[PDB]
Amino acid sequence: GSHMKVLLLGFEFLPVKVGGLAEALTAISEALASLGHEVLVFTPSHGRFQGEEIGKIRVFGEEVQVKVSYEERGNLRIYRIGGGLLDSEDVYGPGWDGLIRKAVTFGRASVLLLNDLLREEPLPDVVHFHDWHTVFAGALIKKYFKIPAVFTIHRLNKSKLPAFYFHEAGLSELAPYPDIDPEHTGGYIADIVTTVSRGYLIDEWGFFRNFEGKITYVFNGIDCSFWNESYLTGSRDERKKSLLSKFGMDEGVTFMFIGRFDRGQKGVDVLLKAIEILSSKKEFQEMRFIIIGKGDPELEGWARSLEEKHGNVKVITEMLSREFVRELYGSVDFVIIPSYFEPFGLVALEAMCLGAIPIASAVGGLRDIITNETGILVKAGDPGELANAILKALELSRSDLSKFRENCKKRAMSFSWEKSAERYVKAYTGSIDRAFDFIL
C-alpha cells in the first residue's frame with residue numbers, strides 16, 4: 001500500500017479552460033497518475049460532451065437524467081458528467097442561482113456515479129475536492145461514504161449562500177444559519193485543508209486560521225518541458241533585437257506585462273502610473289515596455305494613450321498563441337507582475353522558466369516563487385516603488401544577467417507538478433506539516 005486510489009472533484013478540467021484551474025487540475029491528476037496512483041476525476045461536461053445516461057436523480061424537486069462521458073489515459077480515469085444544469089455551457093453557472101443549482105446537482109450526480117462504480121470497485125482512499133463549487137459533491141461523499149477528504153482552495157471567492165441550497169442538497173446539518181460560506185463548509189468537513197502557496201496562506205490567515213491544525217499549503221507546479229528555450233532559435237539578443245523591430249522599436253532593456261486589465265487584481269493600473277513616473281527620468285529612453293492583455297475600457301484607453309505619446313511603449317489586446325508568448329518570455333529581459341493579490345503566480349514561473357527575470361508584487365505565492373537570487377519583489381499597489389524597481393533593474397543590465405536567468409530556470413524547475421503530487425499524497429494520509437496558531 002504505497003499505491004492509492006484518489007477521487008478528484010474539479011468543476012473545470014481540460015479541455016474546458018476558463019482560467020488556469022482547468023490546466024492546474026489536469027496537471028495534478030496527470031502527475032498523480034504518473035506516480036502509479038489510480039486517479040479518477042469527476043468534473044461536469046458543461047455541454048461539451050454528451051454521455052450515456054446512467055440514471056435519473058431528483059434535485060430541486062425534479063427528476064434529471066444524469067449522463068456520462070468516460071475517457072481513460074493510463075492510471076487516470078476521467079468522468080465527464082452531464083445532466084440538467086450540468087449541460088449548461090456557461091461554466092460558472094447560468095447566473096448566480098444557476099451556478100449554485102448546477103453545483104448542488106453535481107453533488108447528487110457525483111454520488112450516483114460513485115455509487116455505480118462501487119458495484120465493481122473498491123472505495124477510493126481519498127476524495128480530493130477543489131474550490132467551493134465542489135463542496136456539495138465533497139460533503140455528500142464524505143457524509144455517506146465516510147472516506148478521507150482533502151479540500152484544496154485555489155482562491156477565496158469569499159461569499160455566502162442561502163441555506164436553501166444546502167437543504168436541497170440534503171446537507172441541512174451543514175447549514176444551521178440563514179447564510180453559509182461554502183468555503184468554510186468545505187474546510188469544516190475535510191480532514192485536512194490545502195491552499196496553493198505558503199504566502200497566500202499567510203495573507204489570508206484571518207480565514208484559514210479557522211482550520212488551524214488541519215490547514216497547510218501545497219504548491220502548484222509548472223511544466224517546464226513546454227516553456228523551454230530549446231523551441232527557440234538564435235541567441236537572446238538576436239531574438240530580442242528581432243522582436244523589438246517587429247514592433248518598430250530599436251534596442252533597449254525590455255520589460256513585459258501579461259495579464260488581464262482589471263480593477264484591483266493584476267495591477268496594470270500600477271504599471272501604467274509607474275511608467276508615467278519613469279517617462280520623465282533621463283533613463284526612460286533606454287527602456288522598452290510591452291503591455292499585453294485586455295479588459296477594462298478605461299485602462300485600455302490609458303494604455304493606448306501612453307502608447308500614442310511614446311514610440312518607446314507598445315500595447316497588444318488581441319490574444320496570442322502560447323507559442324508566441326513562449327517566444328516573448330524568451331526574448332524580453334524582465335517580466336513585470338504588479339499583482340495586488342496572487343494565490344500562486346504561474347506567470348512568474350513561465351517567465352522564469354524561459355529566462356525572463358520577474359519583477360513582482362510581494363503578495364501571496366510570488367513571495368515564495370521569487371527570491372533575492374531570482375527576482376525583485378516590490379510592495380504592492382505602489383507605483384513609486386515599482387518605478388524604483390525598474391530603475392534598479394536597468395542598472396543591472398549594465399553587467400551580465402546570465403546568472404539571474406539561469407538561477408530562474410533552475411528555480412522554476414524545482415516547482416514541478418511531480419513534487420506537487422508528492423505532497424498531496426502526504427496530505428491524503430494526513431502525514432503532513434500544517435499551520436497552527438501557537439506556532440510562529
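Residues numbered from 1 in each chain as written, not as in the entry; some residues may be left out. Heavy atoms only, no water.

In the PDB archive, X-ray crystallography is given as the structure determination method for this entry, at a resolution of 2.80 Å.

Caption draft 1: How the structure looks around the environment of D368. With respect to the element layout, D368 can be found in helix α13 (residues 366-369). By relative accessible area, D368 is classed as buried at 15%. In contact with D368, other than residues within four places in its own chain, are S197, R198, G199, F219, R411 and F415. (Helix = DSSP H or I, 4+ residues; strand = E, 2+ residues; numbered from the N terminus. Buried < 20%, exposed > 50% of the residue type's maximum accessible area, 1.4 Å probe, protein only. Contact = heavy atoms within 4.5 Å.)

Caption draft 2: Quick look at the packing of aromatic side chains. Per the stated rule, a full pass over the model turns up 25 aromatic pairs. With a centroid separation of 5.1 Å and an interplanar angle of 75°, the aromatic rings of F164 and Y165 are classed as edge-to-face. We classify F164 as partly exposed; its relative accessible area is 37%. One aromatic cluster is present, formed by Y200, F207, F208 and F211 through successive ring pairs. (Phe/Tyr/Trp six-rings, centres within 6.5 Å; stacked < 30°, edge-to-face > 60°.)

Caption draft 3: Seen up close, the sheet that holds strand β14 (residues 313-316). If you walk across this open sheet you meet the six strands as β14-β13-β12-β15-β16-β17, and the pairing is parallel. The two strands at the open ends of the sheet, each matched to only one other strand, are β14 and β17 (376-378). Pairs of neighbouring strands in the sheet enclose a mean axial angle of 20°, with direction left out of account. Pairing analysis gives six bridges linking strand β12 (residues 253-258) to strand β13 (residues 287-292), with the strands arranged parallel. By the bridge assignment for β13, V253 is matched with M287. The sheet strands contacting helix α9 (residues 268-278) are β12, β13 and β15 (334-337), and the helix crosses β13 at an angle near 160°. (Pairing = 2+ DSSP bridges. Axes fitted to C-alpha atoms, helices over the stretch in contact; angles between N-to-C directions.)

Caption draft 4: Molecular detail of the domain arrangement of the protein. Taken domain by domain, the protein holds domain 1 (1-221 + 416-440) and domain 2 (222-415). Taking only C-alpha atoms into account, the centre of domain 1 sits 34 Å from that of domain 2. Tallying the contact residues gives 16 residues for domain 1 and 17 residues for domain 2. Here domain 1 and domain 2 share an interface that buries about 1200 Å² over both sides, 51% of which is from carbon and sulfur atoms. For the pair domain 1 and domain 2, the number of links is two salt bridges. (Domains from an automatic or database assignment. Buried area = accessible area lost by both parts, 1.4 Å probe. Salt bridge = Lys/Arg side-chain N within 4 Å of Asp/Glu carboxyl O.)

Caption draft 5: Representation of unusual backbone geometry in the model. For the peptide bond that leads from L14 to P15, omega is 15°, which places it in the cis range. Its place among the elements puts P15 in the loop between β1 (5-9) and α1 (21-34). Here the phi dihedral of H46 falls at roughly 60°; this positive angle occurs in a residue that is not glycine. For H46, the position within the fold is in the loop between β2 (38-44) and β3 (52-59). Given the relative accessible area of 1%, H46 is considered buried. Even without being a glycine, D131 presents a positive backbone phi close to 60°. Looking at the secondary structure, you find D131 in the loop between β6 (126-130) and α3 (135-145). Given a relative accessible area of 9%, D131 falls into the buried group.

Caption draft 6: Summary view of the environment of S279. Here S279 lies in the loop between α9 and β13. Owing to a relative accessible area of 27%, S279 belongs among the partly exposed residues under this scheme. Once you skip the residues sitting within four places of it in the chain, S279 turns out to touch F284 and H310. In terms of polar contacts, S279 uses its side chain to reach the backbone carbonyl oxygen of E276, at 3.0 Å. (Polar contact = N/O pair within 3.5 Å; in protein donor to acceptor, adjacent residues only side chain to side chain.)

Caption draft 7: Representation of the state of the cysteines within the structure. Taken as a whole and judged by the stated rule, the model has one disulfide. A disulfide-free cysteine, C408 has its sulfur positioned 10 Å from the sulfur of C353, the nearest such atom. Residue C408 is classed as buried on the basis of its relative accessible area, which comes to 0%. (Disulfide = S-S within 2.5 Å.)

Caption draft 8: Molecular detail of the pattern of salt bridges. Evaluation of the coordinates by the stated rule reveals 29 salt bridges. For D333, the salt bridge is made with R405, and the minimal N-O distance between the two is 3.4 Å. Remark: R405 occurs in helix α15 (residues 402-414) and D333 occurs in the loop between α11 (322-329) and β15; sequence separation between them is 72 residues. For the pair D333 and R405, one class covers both residues: buried.

Caption draft 9: Structural detail: the nonpolar core. Ranked by internal contacts, the top residues of the largest apolar core, which has 70 residues, are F255, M256, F289, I291, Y329 and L386. In this structure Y329 touches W227, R236, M256, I258, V335, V347, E350, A351, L354 and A356, once residues within four positions along its chain are discounted. Membership of the second largest hydrophobic core comes to 60 residues, among which are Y79, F106, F151 and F208. (Core = buried A, V, L, I, M, F, W, Y, C linked by side-chain atoms within 4.5 Å.)

Caption draft 10: Region of interest: the UniProt feature "domain: Starch synthase catalytic" (unreviewed entry) in the protein. UniProt records the feature "domain: Starch synthase catalytic" (unreviewed entry) for residues 5-201 in the present numbering. Here residues 5-201 is 34% helix and 29% strand, with 28 Å between the C-alpha atoms at its ends. (UniProt positions renumbered as here; feature names shortened; annotations may be inferred.)

Caption draft 11: Focus on the pairing of β6. Burial of β6 is extensive: five of the five residues sit out of reach of the surface. Residues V126, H128 and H130 line one face of β6 and the alternating positions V127 and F129 line the opposite face, and both faces are buried. Sheet topology places β1 next to β6; four bridges connect them, and they run parallel. Each bridged residue has a counterpart across the sheet, and for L9 the counterpart in β6 is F129. Two strands pair when backbone bridges link them, and β6 and strand β7 (residues 149-153) are joined in this way by four bridges, in the parallel orientation. Its bridge partner being in β7, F129 is matched across the sheet by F151. Between β6 and its parallel partner β7, the chain crosses via α3, and the hand of that crossover is right-handed. (Right-handed = clockwise from strand over helix to strand, strands pointing away.)

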